[PDB]
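Step one of this worksheet: look at the structure below.
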Amino acid sequence: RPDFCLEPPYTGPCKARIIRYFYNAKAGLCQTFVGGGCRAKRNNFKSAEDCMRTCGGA
């Protein structure tokens with residue numbers, strides 16, 4: 001899977017309270033975070049489904 005699957009949630013200078021998903025390699029699951037609504041790359045996904053298809057199993 002992509003190298004970014006092993007990184008922390010990709011946050012940005014995002015004040016918006018929009019939820020995004022990230023793959024937590026330590027737990028093996030996609031979880032939610034606020035702080036990444038203004039970014040759309042690396043470990044930052046619109047849904048858990050996208051997140052698991054891309055990074056699941058890393």
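Following the order of the structure tokens, first chain is A, next is B, and so on, with residues numbered from 1 inside each chain and ligands from 1 in the order they appear.
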Contacts of segment 22-57 of chain A with segment 6-12 of chain A up to 7 Å, shortest pair per row, only C-alpha atoms, as a Markdown table:
| residue | atom | partner | partner_atom | distance |
| --- | --- | --- | --- | --- |
| A:22 | CA | A:9 | CA | 5.4 |
| A:25 | CA | A:6 | CA | 5.6 |
| A:35 | CA | A:11 | CA | 5.3 |
| A:36 | CA | A:11 | CA | 4.3 |
| A:38 | CA | A:12 | CA | 6.4 |
| A:39 | CA | A:12 | CA | 6.1 |
| A:42 | CA | A:10 | CA | 6.2 |
| A:43 | CA | A:10 | CA | 5.3 |
| A:44 | CA | A:10 | CA | 5.5 |
Quiz prompt | Sel. of alpha helix (DSSP H) residues, chain A, as a list in words | solution = residues 48, 49, 50, 51, 52, 53, 54 and 55 of chain A
Output C-alpha atoms of each residue in that selection to a file, as a PDB file, in the first residue's frame.
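Output contents, as saved in again_25.pdb:
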ATOM      1  CA  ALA A  48     -13.885   4.992   5.507  1.00  0.00           C
ATOM      2  CA  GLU A  49     -14.522   2.980   2.371  1.00  0.00           C
ATOM      3  CA  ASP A  50     -11.916   4.950   0.367  1.00  0.00           C
ATOM      4  CA  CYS A  51      -9.510   4.781   3.283  1.00  0.00           C
ATOM      5  CA  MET A  52      -9.802   0.967   3.637  1.00  0.00           C
ATOM      6  CA  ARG A  53      -9.470   0.266  -0.118  1.00  0.00           C
ATOM      7  CA  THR A  54      -6.327   2.362  -0.323  1.00  0.00           C
ATOM      8  CA  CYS A  55      -4.518   1.608   2.917  1.00  0.00           C
TER       9      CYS A  55
END
Quiz prompt | Atom-to-atom span, atom CA of residue 27 of chain A and atom CA of residue 15 of chain A, Å | solution = 27.0 Å
Practice problem: Name the residues in contact with residue 33 of chain A at a cut-off of 7 Å, using only C-alpha atoms, excluding same-chain residues fewer than 4 positions from it; report them as a ChimeraX atom specification. | Solution: /A:19-21
Practice problem: Name the residues of chain A that fall into strand (DSSP E or B) according to DSSP on the backbone, using the chain letters and numbers of this document, as an NGL selection string. | Solution: :A and (19-24 or 29-34 or 45)
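Ranking A:3, A:41, A:47, A:58 by their shortest atom-to-atom distance to residue 26 of chain A, with only C-alpha atoms included, puts A:58 first.
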